[PDB]
Enquirer: 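This is the structure, below, for whatever I ask next.
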Amino acid sequence: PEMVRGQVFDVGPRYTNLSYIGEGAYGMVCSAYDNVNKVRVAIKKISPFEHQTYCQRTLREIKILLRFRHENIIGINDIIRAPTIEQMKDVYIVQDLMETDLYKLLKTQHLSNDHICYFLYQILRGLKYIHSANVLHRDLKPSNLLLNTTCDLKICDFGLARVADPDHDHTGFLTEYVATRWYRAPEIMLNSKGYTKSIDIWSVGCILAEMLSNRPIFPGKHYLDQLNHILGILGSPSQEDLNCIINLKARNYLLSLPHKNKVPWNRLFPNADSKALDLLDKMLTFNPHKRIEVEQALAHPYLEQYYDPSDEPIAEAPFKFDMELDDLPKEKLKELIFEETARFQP
Ligand SMILES: O=C(CN1Cc2ccc(-c3nc(NC4CCOCC4)ncc3Cl)cc2C1=O)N1CCCc2ccccc2C1
């Protein structure tokens, strides 16, 4: 077998001429020549089976992405694994190879207003489909938005995605949370488990702000500092929005803060298009009940050049897990991953 940076990549016969791309907690990723479709592809080697949380992330990703089919969502093209559960130590997920991501692009490139508009349209078009399947992505951020050389955009990384569950969204103040700090809606720190679609709209608002200036809008250094960055720009919540926070720890924390006025978007973003700032304001609304929904955002005058609901498809039915995954042992999640990947075996 081929090796890459001290790692076997058992992907042949179909995939050859591997080049290292990167690695992280997930595993390792390469490009490889697909000898059936005659194109280079991404293959990520995942080795999740000794960690229940990595197994969860793997299974969520596979089940969701195999059900979804959308131009602005990364697909799974193939899955390689051993023929038996006993021999299965790794899973290789094959996906379309994308040249870069929005994180890399923002570190290195000024975006024209036309590019910002087109990226935002594609993010929302993909998100319309995700939300129409009653799924929440829950970790939208620049490094999960993949881009090719013609600026086509695909949402990736569904390892934290969940079925929406608004009736069980309430929690206490300062409840620990997994998704990337800088893109967390204020309510995560106050009273929310991140089980409603409004969580993803906030992250997209944050991404829009970051496209406007190439810098994260709310770069909190730790859990509560994230809330105080948000409040630093939005200002003190209104009495009405406060009255929606019934938990006394969260409410009394907010009441304890000195009054802060809203920082106007046009001072943070003096070169931004005024319609972009109107949409930004509506996505970065403190109260999640008043926050714009994905379909409303698509209909916003900023996106009028692109908006076409007949060409913004929805999922054919709501997505549903067979059983709850959060409590399952890692050995059971391995079995489920085995069954879920069976269709790619010859
Ligand atoms: O696969 C993941 C998370 N990742 C990791 C990754 C790497 C690469 C790509 C990717 N990149 C590119 N092109 C890059 C080239 C260079 O410029 C940047 C873009 N093209 C296609 C893909 Cl598909 C996508 C992903 C992705 O989705 N998980 C499932 C297993 C469970 C788990 C366990 C532990 C932690 C996270 C996860 C989530």
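Residue numbers start at 1 and run along the sequence shown. Counting starts at 1 for both ligands and their atoms, in listed order. The figures here come from the full heavy-atom set of this structure, side chains too, leaving out hydrogens, waters and symmetry mates.
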Enquirer: Does any non-hydrogen side-chain atom of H300 lie less than 4.5 Å from one of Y307?
Expert: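 Side-chain contact under 4.5 Å: no.
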
Enquirer: Mind checking whether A42 has a heavy atom under 4.0 Å from ligand 1?
Expert: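 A42 counts as a contact of ligand 1 under the 4.0 Å cut-off.
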
Enquirer: Is there a donor in the side chain of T285 and an acceptor in the side chain of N287, or the other way round, less than 3.5 Å apart?
Expert: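 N287 and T285 do not have a side-chain donor-acceptor pair below 3.5 Å.
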
Enquirer: Which residue and atom name correspond to the protein heavy atom nearest atom 36 (C) of ligand 1, and how close is it?
Expert: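 It is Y26 CB, 3.6 Å.
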
Enquirer: In the protein, which heavy atom is nearest to atom 18 (C) of ligand 1, and how far is it?
Expert: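 Its nearest protein heavy-atom neighbour is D101 OD2, 3.4 Å.
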
Enquirer: Starting from atom 14 (C) of ligand 1, find the nearest protein heavy-atom neighbour and note its residue, name and distance.
Expert: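 So the nearest neighbour among protein heavy atoms is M98 O, 3.6 Å.
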
Enquirer: Classify the side-chain pair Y121/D308 by whether it contains a donor and acceptor separated by less than 3.5 Å.
Expert: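 Their side chains do not contain a donor-acceptor pair, so the 3.5 Å distance test is not met.
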
Enquirer: Identify whether the distance between the nearest side-chain nitrogen and carboxylate oxygen of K107 and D101 falls below 4.0 Å.
Expert: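 Not counted as a salt bridge, because no side-chain N and carboxylate O are separated by less than 4.0 Å.
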
Enquirer: Which heavy atom of the protein is the closest neighbour of atom 32 (C) of ligand 1, given with residue, atom name and distance?
Expert: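 Of the protein heavy atoms, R57 CB, 3.6 Å lies nearest.
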
Enquirer: Would you say atom 9 (C) of ligand 1 has a protein heavy atom nearer than 4.0 Å?
Expert: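 Protein heavy atom within 4.0 Å of atom 9 (C) of ligand 1: absent.
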
Enquirer: Any heavy atom of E99 sitting closer than 4.0 Å to ligand 1?
Expert: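 Within the 4.0 Å threshold, so yes.
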
Enquirer: Do me a favour and list the nearest non-hydrogen protein atom to atom 30 (C) of ligand 1 with residue, atom name and distance?
Expert: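 Closest protein heavy atom to atom 30 (C) of ligand 1: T58 OG1, 3.5 Å.
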
Enquirer: Measure the distances from the heavy atoms of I93 to every atom of ligand 1 and state whether one is below 4.0 angstrom.
Expert: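 For ligand 1, residue contact (heavy atoms, under 4.0 Å) with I93 is absent.
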
Enquirer: Should the pair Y129 and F68 be assigned to parallel (<30°), tilted (30 to 60°) or perpendicular (>60°) ring geometry?
Expert: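 It falls in the perpendicular class, over 60°.
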
Enquirer: Tell me the protein heavy atom at minimum distance from atom 22 (C) of ligand 1, and give that distance in Å.
Expert: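 Checking every protein heavy atom, the shortest distance to atom 22 (C) of ligand 1 gives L146 CD1, 3.7 Å.
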
Enquirer: List every atom of ligand 1 that sits less than 4.0 Å from any heavy atom of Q95, numbering the atoms from 1 in the order shown and giving each element.
Expert: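 Close to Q95: 23 (Cl).
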
Enquirer: Any side-chain donor-acceptor pair under 3.5 Å between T180 and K141?
Expert: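 The answer is yes; a qualifying pair exists.
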
Enquirer: With only distance considered, is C156 within less than 3.5 Å of ligand 1 through an N or O on each side?
Expert: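 Not met; the criterion fails.
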
Enquirer: Students should be able to answer this: which protein heavy-atom is nearest to atom 28 (N) of ligand 1, and at what distance?
Expert: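 Here the nearest protein heavy atom works out to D157 OD1, 4.1 Å.
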
Enquirer: Between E210 and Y103, does any side-chain donor sit less than 3.5 Å from a side-chain acceptor?
Expert: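 Looking only at side-chain atoms, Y103 and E210 do not form any donor-acceptor pair under 3.5 Å.
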
Enquirer: Taking the basic N atoms (NZ, or NE/NH1/NH2) and the acidic carboxylate oxygens, is any pair closer than 4.0 Å for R5 and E23?
Expert: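 Salt bridge between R5 and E23, a charged N being under 4.0 Å from a carboxylate O: no.
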
Enquirer: Between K44 and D157, does any side-chain N to carboxylate O distance fall below 4.0 Å?
Expert: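 Salt bridge flag = no for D157 with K44.
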
Enquirer: Number the atoms of ligand 1 from 1 as they appear, then name those within less than 4.0 Å of a heavy atom of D96, with their elements.
Expert: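 It comes down to these atoms of ligand 1: 20 (N), 21 (C).
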
Enquirer: Do the non-hydrogen side-chain atoms of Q7 and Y20 ever get within less than 4.5 Å of each other?
Expert: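 Side-chain contact under 4.5 Å: no.
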
Enquirer: For atom 1 (O) of ligand 1, what is the closest protein heavy atom, and at what distance to 0.1 Å?
Expert: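 The answer is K44 NZ, 2.7 Å.
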
